[PDB]
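1. Enclosed are the sequence and the experimentally obtained structure.
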2 protein chains.
Amino acid sequence: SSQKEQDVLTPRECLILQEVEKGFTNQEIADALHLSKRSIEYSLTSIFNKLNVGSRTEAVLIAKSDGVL
Amino acid sequence: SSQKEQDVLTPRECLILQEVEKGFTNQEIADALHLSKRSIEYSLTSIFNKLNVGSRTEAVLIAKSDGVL
């Protein structure tokens, strides 16, 4: 639970991460969740707060750092 | 030379990567190169092509994947 950070996030936020950390971008996340590059960006900017991510770059970076991918 | 992909890039493009792969975002790249979020984004979107990066996410992701950070 509190051990995790990238997966302890909200279900969508976790989906967000996996789609960024995937190795594409927020646009692919939108494409994945069926949202929009506009919609997920609002989740990326908030993941900036939640995951202490810089904006998106850490969302994908920290995942590998942790061992997620 | 041809072995590298992330660092074989243009001097700026390499600087771009290191600032994304750093663990902040393109905005920190802008702030690092003293450009702008609007100018580096133009480099990120082209690094999409150069590095085969998905937009920016791979720029920071693939770095760790390779062992850059």
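-> Happy to help now that I have it. Numbers count the residues shown, from 1 in each chain, chains lettered A, B, ... in the order given.

2. which helix is the longest one in chain A?
-> helix A:37-50 (DSSP state H).

3. shouldn't residue A:1 be in contact with residue A:8?
-> Yes - contact criterion CB atoms under 8 Å: residue A:1 and residue A:8 qualify, at 6.1 Å. (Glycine included, C-beta is placed from N, CA and C.)

4. okay, the two: which has more neighbours?
-> residue A:8 (13 against 5; other CB atoms under 10 Å in any protein chain shown).

5. tell me the secondary structure for that one?
-> coil (DSSP: H, G, I helix; E, B strand; the rest coil).

6. Next up, the contacts around it.
-> Each residue near residue A:8 by CB atoms under 8 Å, 6 or more residues apart in numbering or on different chains is listed here: A:1, A:2.

7. please redo it, this time with the cut-off set to 10 Å
-> A:1, A:2, A:14, A:50, A:51 (CB atoms under 10 Å, 6 or more residues apart in numbering or on different chains).

8. Thanks a lot, see you next time.
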